[PDB]
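Chemist: What follows is query21.cif, mmCIF, C-alpha atoms and all ligand atoms; chains and numbers go by the auth columns.
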```cif
data_start
#
loop_
_atom_site.group_PDB
_atom_site.id
_atom_site.type_symbol
_atom_site.label_atom_id
_atom_site.label_comp_id
_atom_site.label_asym_id
_atom_site.label_seq_id
_atom_site.Cartn_x
_atom_site.Cartn_y
_atom_site.Cartn_z
_atom_site.B_iso_or_equiv
_atom_site.auth_seq_id
_atom_site.auth_asym_id
ATOM 1 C CA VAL A 1 22.701 27.126 23.523 0.00 1 A
ATOM 2 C CA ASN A 2 25.223 27.818 20.751 0.00 2 A
ATOM 3 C CA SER A 3 25.233 27.602 16.953 0.00 3 A
ATOM 4 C CA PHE A 4 27.429 24.510 16.550 0.00 4 A
ATOM 5 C CA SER A 5 25.463 21.980 14.484 0.00 5 A
ATOM 6 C CA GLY A 6 25.718 18.281 13.696 0.00 6 A
ATOM 7 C CA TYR A 7 28.197 17.346 16.430 0.00 7 A
ATOM 8 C CA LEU A 8 28.228 14.010 18.209 0.00 8 A
ATOM 9 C CA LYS A 9 28.338 14.476 21.985 0.00 9 A
ATOM 10 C CA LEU A 10 31.198 12.487 23.530 0.00 10 A
ATOM 11 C CA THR A 11 31.071 13.746 27.132 0.00 11 A
ATOM 12 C CA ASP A 12 29.498 16.498 29.198 0.00 12 A
ATOM 13 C CA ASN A 13 31.752 19.059 27.480 0.00 13 A
ATOM 14 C CA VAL A 14 33.380 17.474 24.383 0.00 14 A
ATOM 15 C CA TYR A 15 31.703 17.270 20.961 0.00 15 A
ATOM 16 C CA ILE A 16 33.143 15.838 17.736 0.00 16 A
ATOM 17 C CA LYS A 17 32.356 16.091 14.016 0.00 17 A
ATOM 18 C CA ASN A 18 33.875 15.185 10.656 0.00 18 A
ATOM 19 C CA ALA A 19 34.492 18.661 9.265 0.00 19 A
ATOM 20 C CA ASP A 20 37.004 21.038 7.704 0.00 20 A
ATOM 21 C CA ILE A 21 37.866 23.465 10.507 0.00 21 A
ATOM 22 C CA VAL A 22 38.262 26.266 7.959 0.00 22 A
ATOM 23 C CA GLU A 23 34.750 25.823 6.582 0.00 23 A
ATOM 24 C CA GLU A 24 33.351 25.306 10.089 0.00 24 A
ATOM 25 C CA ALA A 25 34.872 28.529 11.431 0.00 25 A
ATOM 26 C CA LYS A 26 33.569 30.542 8.472 0.00 26 A
ATOM 27 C CA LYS A 27 30.039 29.252 9.140 0.00 27 A
ATOM 28 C CA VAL A 28 29.941 29.542 12.937 0.00 28 A
ATOM 29 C CA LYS A 29 32.292 32.508 13.480 0.00 29 A
ATOM 30 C CA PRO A 30 33.085 31.160 16.965 0.00 30 A
ATOM 31 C CA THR A 31 34.435 33.294 19.762 0.00 31 A
ATOM 32 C CA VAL A 32 37.584 31.135 19.591 0.00 32 A
ATOM 33 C CA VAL A 33 39.120 28.944 16.901 0.00 33 A
ATOM 34 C CA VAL A 34 42.183 26.950 17.943 0.00 34 A
ATOM 35 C CA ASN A 35 45.173 26.802 15.615 0.00 35 A
ATOM 36 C CA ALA A 36 47.585 23.869 15.654 0.00 36 A
ATOM 37 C CA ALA A 37 50.573 26.197 15.857 0.00 37 A
ATOM 38 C CA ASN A 38 54.324 25.846 16.156 0.00 38 A
ATOM 39 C CA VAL A 39 56.479 27.984 18.440 0.00 39 A
ATOM 40 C CA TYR A 40 57.514 30.277 15.574 0.00 40 A
ATOM 41 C CA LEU A 41 53.900 30.775 14.455 0.00 41 A
ATOM 42 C CA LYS A 42 54.982 29.777 10.941 0.00 42 A
ATOM 43 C CA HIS A 43 51.681 28.646 9.451 0.00 43 A
ATOM 44 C CA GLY A 44 52.909 26.522 6.579 0.00 44 A
ATOM 45 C CA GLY A 45 50.836 23.349 6.490 0.00 45 A
ATOM 46 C CA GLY A 46 48.229 21.302 8.254 0.00 46 A
ATOM 47 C CA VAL A 47 45.518 23.199 10.102 0.00 47 A
ATOM 48 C CA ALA A 48 47.787 26.231 10.476 0.00 48 A
ATOM 49 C CA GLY A 49 48.492 26.498 6.765 0.00 49 A
ATOM 50 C CA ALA A 50 44.805 26.135 5.921 0.00 50 A
ATOM 51 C CA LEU A 51 43.599 28.685 8.489 0.00 51 A
ATOM 52 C CA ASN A 52 46.239 31.179 7.405 0.00 52 A
ATOM 53 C CA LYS A 53 45.347 30.731 3.721 0.00 53 A
ATOM 54 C CA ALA A 54 41.697 31.434 4.536 0.00 54 A
ATOM 55 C CA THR A 55 42.777 34.766 6.107 0.00 55 A
ATOM 56 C CA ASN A 56 44.638 35.753 2.916 0.00 56 A
ATOM 57 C CA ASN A 57 47.931 35.605 4.932 0.00 57 A
ATOM 58 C CA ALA A 58 46.744 38.191 7.487 0.00 58 A
ATOM 59 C CA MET A 59 47.220 35.594 10.238 0.00 59 A
ATOM 60 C CA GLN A 60 50.867 35.180 9.214 0.00 60 A
ATOM 61 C CA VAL A 61 51.489 38.942 9.076 0.00 61 A
ATOM 62 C CA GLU A 62 50.040 39.375 12.568 0.00 62 A
ATOM 63 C CA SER A 63 51.985 36.352 13.816 0.00 63 A
ATOM 64 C CA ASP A 64 55.311 37.644 12.490 0.00 64 A
ATOM 65 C CA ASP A 65 54.821 40.877 14.423 0.00 65 A
ATOM 66 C CA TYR A 66 53.925 38.861 17.540 0.00 66 A
ATOM 67 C CA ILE A 67 57.141 36.807 17.294 0.00 67 A
ATOM 68 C CA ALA A 68 59.301 39.847 16.560 0.00 68 A
ATOM 69 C CA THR A 69 58.024 41.396 19.803 0.00 69 A
ATOM 70 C CA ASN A 70 57.720 38.377 22.097 0.00 70 A
ATOM 71 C CA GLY A 71 59.906 35.586 20.744 0.00 71 A
ATOM 72 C CA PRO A 72 58.779 32.002 20.227 0.00 72 A
ATOM 73 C CA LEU A 73 56.097 30.247 22.202 0.00 73 A
ATOM 74 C CA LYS A 74 56.841 27.253 24.412 0.00 74 A
ATOM 75 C CA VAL A 75 55.869 23.753 23.360 0.00 75 A
ATOM 76 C CA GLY A 76 52.675 23.265 25.357 0.00 76 A
ATOM 77 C CA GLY A 77 52.013 27.016 25.349 0.00 77 A
ATOM 78 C CA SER A 78 49.665 29.366 23.546 0.00 78 A
ATOM 79 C CA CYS A 79 48.845 32.931 22.649 0.00 79 A
ATOM 80 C CA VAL A 80 45.595 34.705 21.776 0.00 80 A
ATOM 81 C CA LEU A 81 45.612 36.632 18.498 0.00 81 A
ATOM 82 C CA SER A 82 42.939 37.852 16.118 0.00 82 A
ATOM 83 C CA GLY A 83 40.558 35.407 14.487 0.00 83 A
ATOM 84 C CA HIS A 84 40.503 37.621 11.368 0.00 84 A
ATOM 85 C CA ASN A 85 37.572 36.649 9.106 0.00 85 A
ATOM 86 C CA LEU A 86 37.216 33.217 10.753 0.00 86 A
ATOM 87 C CA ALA A 87 36.447 33.877 14.432 0.00 87 A
ATOM 88 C CA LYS A 88 36.670 36.621 17.020 0.00 88 A
ATOM 89 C CA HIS A 89 39.946 35.215 18.376 0.00 89 A
ATOM 90 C CA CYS A 90 42.452 32.569 17.383 0.00 90 A
ATOM 91 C CA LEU A 91 44.060 30.627 20.223 0.00 91 A
ATOM 92 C CA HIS A 92 47.394 29.455 18.792 0.00 92 A
ATOM 93 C CA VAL A 93 48.307 26.311 20.763 0.00 93 A
ATOM 94 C CA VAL A 94 51.585 24.416 20.368 0.00 94 A
ATOM 95 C CA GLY A 95 51.242 20.687 20.845 0.00 95 A
ATOM 96 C CA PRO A 96 54.365 18.526 20.698 0.00 96 A
ATOM 97 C CA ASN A 97 55.463 17.606 17.162 0.00 97 A
ATOM 98 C CA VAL A 98 56.558 13.964 17.352 0.00 98 A
ATOM 99 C CA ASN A 99 58.267 14.333 13.976 0.00 99 A
ATOM 100 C CA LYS A 100 60.603 16.758 15.813 0.00 100 A
ATOM 101 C CA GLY A 101 61.189 14.445 18.787 0.00 101 A
ATOM 102 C CA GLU A 102 59.121 16.507 21.227 0.00 102 A
ATOM 103 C CA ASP A 103 57.754 15.033 24.447 0.00 103 A
ATOM 104 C CA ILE A 104 54.213 13.703 23.989 0.00 104 A
ATOM 105 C CA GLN A 105 53.656 14.340 27.712 0.00 105 A
ATOM 106 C CA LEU A 106 53.393 18.042 26.803 0.00 106 A
ATOM 107 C CA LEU A 107 50.109 17.345 25.003 0.00 107 A
ATOM 108 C CA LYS A 108 48.236 17.632 28.298 0.00 108 A
ATOM 109 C CA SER A 109 49.835 21.027 28.965 0.00 109 A
ATOM 110 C CA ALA A 110 48.805 22.105 25.459 0.00 110 A
ATOM 111 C CA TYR A 111 45.161 21.165 26.053 0.00 111 A
ATOM 112 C CA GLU A 112 45.161 22.982 29.423 0.00 112 A
ATOM 113 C CA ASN A 113 45.221 26.241 27.459 0.00 113 A
ATOM 114 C CA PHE A 114 41.670 25.482 26.302 0.00 114 A
ATOM 115 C CA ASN A 115 40.393 25.848 29.884 0.00 115 A
ATOM 116 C CA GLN A 116 40.914 29.618 29.700 0.00 116 A
ATOM 117 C CA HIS A 117 38.036 29.852 27.182 0.00 117 A
ATOM 118 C CA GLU A 118 34.420 28.897 27.801 0.00 118 A
ATOM 119 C CA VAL A 119 33.763 27.576 24.261 0.00 119 A
ATOM 120 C CA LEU A 120 36.187 26.671 21.459 0.00 120 A
ATOM 121 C CA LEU A 121 36.260 25.209 17.969 0.00 121 A
ATOM 122 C CA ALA A 122 39.408 23.105 17.788 0.00 122 A
ATOM 123 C CA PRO A 123 41.414 20.390 16.034 0.00 123 A
ATOM 124 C CA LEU A 124 42.960 17.407 17.766 0.00 124 A
ATOM 125 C CA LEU A 125 46.308 18.662 19.022 0.00 125 A
ATOM 126 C CA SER A 126 49.465 16.964 17.745 0.00 126 A
ATOM 127 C CA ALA A 127 47.418 14.971 15.203 0.00 127 A
ATOM 128 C CA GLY A 128 47.902 15.063 11.450 0.00 128 A
ATOM 129 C CA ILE A 129 51.353 16.234 10.396 0.00 129 A
ATOM 130 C CA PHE A 130 52.406 16.661 14.046 0.00 130 A
ATOM 131 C CA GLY A 131 52.737 12.870 14.149 0.00 131 A
ATOM 132 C CA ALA A 132 50.932 11.848 17.350 0.00 132 A
ATOM 133 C CA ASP A 133 48.276 9.158 17.733 0.00 133 A
ATOM 134 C CA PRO A 134 44.891 10.896 17.301 0.00 134 A
ATOM 135 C CA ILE A 135 43.137 8.362 19.548 0.00 135 A
ATOM 136 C CA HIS A 136 45.524 9.313 22.348 0.00 136 A
ATOM 137 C CA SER A 137 45.052 13.021 21.631 0.00 137 A
ATOM 138 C CA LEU A 138 41.282 12.641 21.991 0.00 138 A
ATOM 139 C CA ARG A 139 41.797 10.787 25.276 0.00 139 A
ATOM 140 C CA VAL A 140 43.937 13.659 26.549 0.00 140 A
ATOM 141 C CA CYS A 141 41.459 16.261 25.295 0.00 141 A
ATOM 142 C CA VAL A 142 38.556 14.579 27.081 0.00 142 A
ATOM 143 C CA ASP A 143 40.602 14.065 30.255 0.00 143 A
ATOM 144 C CA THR A 144 42.038 17.620 30.324 0.00 144 A
ATOM 145 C CA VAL A 145 39.608 20.140 28.837 0.00 145 A
ATOM 146 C CA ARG A 146 36.732 21.124 31.123 0.00 146 A
ATOM 147 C CA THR A 147 35.306 23.939 28.994 0.00 147 A
ATOM 148 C CA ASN A 148 33.091 23.290 25.978 0.00 148 A
ATOM 149 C CA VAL A 149 35.128 22.068 23.020 0.00 149 A
ATOM 150 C CA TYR A 150 33.848 21.355 19.514 0.00 150 A
ATOM 151 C CA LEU A 151 36.398 19.128 17.756 0.00 151 A
ATOM 152 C CA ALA A 152 36.573 19.165 13.958 0.00 152 A
ATOM 153 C CA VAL A 153 37.930 16.198 12.174 0.00 153 A
ATOM 154 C CA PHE A 154 37.862 16.464 8.379 0.00 154 A
ATOM 155 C CA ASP A 155 39.202 12.961 7.638 0.00 155 A
ATOM 156 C CA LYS A 156 36.171 10.654 7.545 0.00 156 A
ATOM 157 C CA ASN A 157 37.989 7.358 8.131 0.00 157 A
ATOM 158 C CA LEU A 158 39.744 8.930 11.108 0.00 158 A
ATOM 159 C CA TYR A 159 36.524 10.451 12.390 0.00 159 A
ATOM 160 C CA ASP A 160 34.690 7.133 12.083 0.00 160 A
ATOM 161 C CA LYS A 161 37.652 5.407 13.728 0.00 161 A
ATOM 162 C CA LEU A 162 37.715 7.974 16.543 0.00 162 A
ATOM 163 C CA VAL A 163 34.002 7.593 17.270 0.00 163 A
ATOM 164 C CA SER A 164 33.996 3.810 16.958 0.00 164 A
ATOM 165 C CA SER A 165 37.020 3.483 19.281 0.00 165 A
ATOM 166 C CA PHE A 166 35.965 6.043 21.894 0.00 166 A
ATOM 167 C CA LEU A 167 35.727 4.804 25.473 0.00 167 A
HETATM 168 O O1 LIG B . 44.501 16.923 13.993 0.00 201 A
HETATM 169 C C1 LIG B . 44.503 17.927 13.023 0.00 201 A
HETATM 170 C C2 LIG B . 44.150 17.278 11.652 0.00 201 A
HETATM 171 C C3 LIG B . 45.230 16.233 11.293 0.00 201 A
HETATM 172 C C4 LIG B . 44.890 15.318 10.107 0.00 201 A
HETATM 173 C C5 LIG B . 45.328 15.600 8.795 0.00 201 A
HETATM 174 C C6 LIG B . 45.026 14.765 7.702 0.00 201 A
HETATM 175 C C7 LIG B . 44.258 13.602 7.904 0.00 201 A
HETATM 176 O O2 LIG B . 43.964 12.783 6.853 0.00 201 A
HETATM 177 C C8 LIG B . 43.814 13.296 9.201 0.00 201 A
HETATM 178 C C9 LIG B . 44.131 14.144 10.276 0.00 201 A
HETATM 179 N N1 LIG B . 44.033 18.310 10.642 0.00 201 A
HETATM 180 C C10 LIG B . 42.902 19.031 10.385 0.00 201 A
HETATM 181 N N2 LIG B . 41.790 18.860 11.172 0.00 201 A
HETATM 182 C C11 LIG B . 40.651 19.587 10.902 0.00 201 A
HETATM 183 N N3 LIG B . 40.473 20.485 9.924 0.00 201 A
HETATM 184 C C12 LIG B . 41.623 20.614 9.187 0.00 201 A
HETATM 185 N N4 LIG B . 41.670 21.503 8.113 0.00 201 A
HETATM 186 C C13 LIG B . 42.977 21.390 7.563 0.00 201 A
HETATM 187 C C14 LIG B . 43.693 20.472 8.293 0.00 201 A
HETATM 188 C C15 LIG B . 42.849 19.957 9.321 0.00 201 A
HETATM 189 CL CL CL B . 47.573 18.397 9.819 0.00 202 A
#
```
If you convert what's in this file into structure tokens, what do you get?
Modeler:
Amino acid sequence: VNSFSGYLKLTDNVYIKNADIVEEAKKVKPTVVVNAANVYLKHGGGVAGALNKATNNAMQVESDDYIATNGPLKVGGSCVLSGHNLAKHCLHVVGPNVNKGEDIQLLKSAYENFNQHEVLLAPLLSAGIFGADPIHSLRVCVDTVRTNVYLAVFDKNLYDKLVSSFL
């Protein structure tokens, strides 16, 4: 039993809700919140911009030190950093950004990072401003993640479309 509330159960391990991931993380304080990151951990917009803003830019400060030490992530890769005031940890995961011409096949690799964590609050990878089809991203999430994932979707029309189209 966990403290995630109001989710629709899609499969044995995947749950979905129309919600703002920032407001969800503040309420639940999950062990892990997933950020929709880029390789440079530059948290400018989308989920990344919103999560970083909620940390008062502490996420960005920590991320800049991470990059200065380690260099960029790989597309499909991840790193674990602090969750600041939002969660215990933030798993920064880089899905392919179709608006950069990146290979959508790497979306499965991106979701594989979730399997290293027993429970996660997460967005749909490569959705929103990353330019991928969210229906496909959900398909890949369900077919790749085996640990317990709570997917937040703030856009209602999208959420309703995702539920109503789910196979
Ligand atoms: O897949 C990630 C989606 C993409 C998206 C953006 C705009 C839309 O209208 C529909 C989808 N972004 C988010 N998902 C959950 N919480 C969020 N908080 C801030 C952004 C954000
Ligand atoms: Cl977005």
Chemist: Around ligand LIG 201 (chain A), at most 9 Å away and counting all atoms listed in the file, which residues are there? Put them as number ranges by chain, please.
Modeler: A: 18-24, 36, 45-51, 122-132, 134, 137, 151-159
Chemist: Distance CA of residue 118 (chain A)-CA of residue 145 (chain A), one decimal place?
Modeler: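 If I compute the distance from CA of residue 118 (chain A) to CA of residue 145 (chain A), I get 10.2 Å.
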Chemist: Here's the selection I'm unsure about, the PyMOL selection byres (((chain A and resi 3) around 12) and not hetatm); applied to the file above, which residues does it give, as a ChimeraX atom specification?
Modeler: /A:1-2,4-7,24-25,27-31,119-121,150
Chemist: Considering all atoms listed in the file, return as a PyMOL selection string whatever protein or nucleic-acid residues lie within 6 Å of region 70-85 of chain A, sequence-local ones (same chain, fewer than 5 positions apart) excluded.
Modeler: chain A and resi 39-40+90-95+106+109-110
Chemist: Can you write just those residues out, C-alpha atoms, as a short mmCIF file (atom, residue, chain, number, x, y, z; two decimals), keeping the file's coordinate frame?
Modeler:
```
data_model
loop_
_atom_site.label_atom_id
_atom_site.label_comp_id
_atom_site.auth_asym_id
_atom_site.auth_seq_id
_atom_site.Cartn_x
_atom_site.Cartn_y
_atom_site.Cartn_z
CA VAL A 39 56.48 27.98 18.44
CA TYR A 40 57.51 30.28 15.57
CA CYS A 90 42.45 32.57 17.38
CA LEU A 91 44.06 30.63 20.22
CA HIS A 92 47.39 29.46 18.79
CA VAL A 93 48.31 26.31 20.76
CA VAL A 94 51.58 24.42 20.37
CA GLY A 95 51.24 20.69 20.84
CA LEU A 106 53.39 18.04 26.80
CA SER A 109 49.84 21.03 28.96
CA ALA A 110 48.80 22.10 25.46
#
```
Chemist: Counting all atoms listed in the file, figure out which residue out of A:97, A:165, A:144, A:113 gets nearest to ligand CL 202 (chain A).
Modeler: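 Closest candidate: A:97.
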Chemist: For each of A:10, A:37, A:163, A:61, take the minimum atom-to-atom distance to ligand CL 202 (chain A), counting only C-alpha atoms and all ligand atoms, then give the residue where this is smallest.
Modeler: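 Closest residue, counting only C-alpha atoms and all ligand atoms: A:37.
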Chemist: Let me make sure I understand: among A:161, A:43, A:139, A:146, which one has the smallest atom-to-atom distance to ligand CL 202 (chain A) if we use all atoms listed in the file?
Modeler: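 Comparing A:161, A:43, A:139, A:146 against ligand CL 202 (chain A), the winner is A:43.
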Chemist: Given only C-alpha atoms and all ligand atoms as the basis, pick out the residue of A:38, A:108, A:147, A:62 nearest to ligand CL 202 (chain A).
Modeler: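 For ligand CL 202 (chain A), the nearest of the candidates is A:38.
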Chemist: Work out how far apart CA of residue 101 (chain A) and atom CL of ligand CL 202 (chain A) are and give it in Å to one decimal.
Modeler: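 Interatomic distance here is 16.8 Å.
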Chemist: What does the distance from CA of residue 135 (chain A) to CA of residue 102 (chain A) come to in Å, to one decimal?
Modeler: 18.0 Å
Chemist: Using only C-alpha atoms, pick whichever of A:58, A:141, A:86, A:41 has the shortest atom-to-atom distance to residue 14 (chain A).
Modeler: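 The shortest atom-to-atom distance to residue 14 (chain A) comes from A:141.
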Chemist: Where atoms are absent from region 132-166 of chain A, fill them in so it carries N, CA and C atoms, then output it as a short mmCIF file (atom, residue, chain, number, x, y, z; two decimals), keeping the file's coordinate frame.
Modeler:
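Output below, filename result.cif:
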```
data_model
loop_
_atom_site.label_atom_id
_atom_site.label_comp_id
_atom_site.auth_asym_id
_atom_site.auth_seq_id
_atom_site.Cartn_x
_atom_site.Cartn_y
_atom_site.Cartn_z
N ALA A 132 51.38 12.60 16.19
CA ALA A 132 50.93 11.85 17.35
C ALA A 132 49.74 10.96 16.99
N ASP A 133 49.44 10.03 17.89
CA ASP A 133 48.28 9.16 17.73
C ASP A 133 47.01 9.96 18.01
N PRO A 134 46.10 10.10 17.04
CA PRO A 134 44.89 10.90 17.30
C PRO A 134 43.98 10.29 18.35
N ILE A 135 43.95 8.97 18.49
CA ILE A 135 43.14 8.36 19.55
C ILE A 135 43.64 8.81 20.91
N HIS A 136 44.96 8.82 21.10
CA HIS A 136 45.52 9.31 22.35
C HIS A 136 45.21 10.79 22.55
N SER A 137 45.34 11.60 21.50
CA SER A 137 45.05 13.02 21.63
C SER A 137 43.62 13.26 22.08
N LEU A 138 42.66 12.50 21.54
CA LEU A 138 41.28 12.64 21.99
C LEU A 138 41.15 12.27 23.46
N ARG A 139 41.80 11.18 23.87
CA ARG A 139 41.80 10.79 25.28
C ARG A 139 42.30 11.92 26.16
N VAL A 140 43.41 12.55 25.77
CA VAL A 140 43.94 13.66 26.55
C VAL A 140 42.98 14.85 26.51
N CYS A 141 42.42 15.16 25.34
CA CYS A 141 41.46 16.26 25.30
C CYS A 141 40.33 16.03 26.29
N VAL A 142 39.70 14.86 26.23
CA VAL A 142 38.56 14.58 27.08
C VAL A 142 38.94 14.62 28.55
N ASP A 143 40.15 14.15 28.87
CA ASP A 143 40.60 14.06 30.26
C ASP A 143 41.25 15.35 30.77
N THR A 144 41.37 16.38 29.93
CA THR A 144 42.04 17.62 30.32
C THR A 144 41.16 18.85 30.19
N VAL A 145 40.43 18.97 29.09
CA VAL A 145 39.61 20.14 28.84
C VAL A 145 38.31 20.00 29.61
N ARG A 146 37.96 21.05 30.36
CA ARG A 146 36.73 21.12 31.12
C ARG A 146 35.73 22.11 30.55
N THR A 147 36.18 23.02 29.69
CA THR A 147 35.31 23.94 28.99
C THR A 147 34.74 23.24 27.76
N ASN A 148 33.85 23.92 27.05
CA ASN A 148 33.09 23.29 25.98
C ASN A 148 33.88 23.34 24.68
N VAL A 149 34.26 22.17 24.18
CA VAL A 149 35.13 22.07 23.02
C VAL A 149 34.42 21.29 21.92
N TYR A 150 34.43 21.90 20.73
CA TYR A 150 33.85 21.36 19.51
C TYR A 150 35.01 20.98 18.60
N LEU A 151 35.25 19.68 18.47
CA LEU A 151 36.40 19.13 17.76
C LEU A 151 36.02 18.82 16.31
N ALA A 152 36.74 19.42 15.38
CA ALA A 152 36.57 19.16 13.96
C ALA A 152 37.68 18.23 13.50
N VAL A 153 37.08 17.25 12.74
CA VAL A 153 37.93 16.20 12.17
C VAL A 153 37.50 16.03 10.72
N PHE A 154 38.30 16.51 9.77
CA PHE A 154 37.86 16.46 8.38
C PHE A 154 38.00 15.08 7.76
N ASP A 155 38.98 14.29 8.20
CA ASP A 155 39.20 12.96 7.64
C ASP A 155 38.12 12.00 8.13
N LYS A 156 37.33 11.48 7.19
CA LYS A 156 36.17 10.65 7.54
C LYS A 156 36.60 9.34 8.19
N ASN A 157 37.53 8.62 7.56
CA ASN A 157 37.99 7.36 8.13
C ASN A 157 38.50 7.56 9.55
N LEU A 158 39.24 8.64 9.77
CA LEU A 158 39.74 8.93 11.11
C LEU A 158 38.60 9.22 12.07
N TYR A 159 37.67 10.14 11.55
CA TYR A 159 36.52 10.45 12.39
C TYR A 159 35.77 9.19 12.78
N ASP A 160 35.40 8.37 11.79
CA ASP A 160 34.69 7.13 12.08
C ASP A 160 35.50 6.25 13.02
N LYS A 161 36.82 6.19 12.82
CA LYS A 161 37.65 5.41 13.73
C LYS A 161 37.66 6.01 15.13
N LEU A 162 37.69 7.34 15.23
CA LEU A 162 37.72 7.97 16.54
C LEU A 162 36.42 7.71 17.30
N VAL A 163 35.28 7.87 16.63
CA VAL A 163 34.00 7.59 17.27
C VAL A 163 33.91 6.12 17.65
N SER A 164 34.18 5.23 16.70
CA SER A 164 34.00 3.81 16.96
C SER A 164 34.95 3.27 18.01
N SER A 165 36.07 3.94 18.27
CA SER A 165 37.02 3.48 19.28
C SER A 165 36.91 4.25 20.60
N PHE A 166 35.98 5.18 20.72
CA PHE A 166 35.97 6.04 21.89
C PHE A 166 35.45 5.29 23.11
#
```
